[PDB]
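Inside the fold
One letter stands for each residue in the lines below.
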Amino acid sequence: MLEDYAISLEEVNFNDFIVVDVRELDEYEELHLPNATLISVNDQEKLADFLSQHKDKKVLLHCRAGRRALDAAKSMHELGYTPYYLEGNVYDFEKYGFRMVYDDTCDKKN
C-alpha cells in the first residue's frame, strides 16, 4: 500500500504538505522544518490523534534518515489512516532549498 506514499527528498515539496517530525524532542529542538509537528515514532496515540482531527488532509511524516518515517506511517495505515512519509536526511533539507529552524528549545540567543 504505502510504498507509493514513499516521498523522496529529491522530489519533495514540504510546503505542499502539513509536515510531521517523527523522531524525538531533542531531535526536533536541534533542527526541524518550520511546518513540522513534533510527534515521536513511538507516539502512536499522539500521531493517530493528529490524523483523527481530520483524516482528509495531506500530511508528510519526515525522518532524519527515513526508516522512522516508514515505521510510524505503517502503524497509522494499520489504524485505518493513509499519511505520507519522507525518506531523506533532515540536515540535507536546507541545501535542497527548504529552510529549517535550528535550536527552538528556547531561543538561539544567550
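What counts and what doesn't
Within each chain the first residue of the written sequence is number 1 and the count goes on from 1 in that order, possibly differing from the entry; residues lacking coordinates are omitted. Hydrogens and water molecules were not included; the side-chain quantities draw on all heavy atoms of the structure. Only strands that DSSP links by at least two bridges are regarded as paired with each other. In this description a helix means any DSSP run of H or I spanning at least four residues, a strand means any run of E spanning at least two, and both kinds are numbered starting from the N terminus. Note on geometry: axes are lines fitted to C-alpha atoms, helical ones only across the stretch in contact, with angles between N-to-C directions running from 0 to 180 degrees. Contacts: residue pairs with any heavy atoms within 4.5 Å of one another. UniProt positions are given in the numbering used here, feature names are shortened, and annotations may be inferred rather than shown by experiment.

Pairing in this open sheet of five strands is parallel, and the strands run β1-β5-β4-β2-β3 from one edge to the other. Of all strands in the sheet, those with a lone pairing partner are β1 (6-8) and β3 (36-40), marking the two edges. Neighbour to neighbour, the strand axes of the sheet diverge by 35° on average, direction disregarded. Direction of pairing for β1 relative to strand β5 (residues 84-87): parallel, over a ladder of three bridges. For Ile7, the partnering residue across the bridge sits in β5 and is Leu86. Its contacts with the sheet put helix α2 (residues 44-52) on β2 (18-23), β3 and β4 (59-62), and the angle it makes with β3 is roughly 140°.

Another aspect to go through is the UniProt feature "domain: Rhodanese" (unreviewed entry) in the protein chain. According to UniProt, the positions carrying the feature "domain: Rhodanese" (unreviewed entry) are residues 13-102. Span residues 13-102 is 30% helix and 21% strand, its end C-alpha atoms 20 Å apart.

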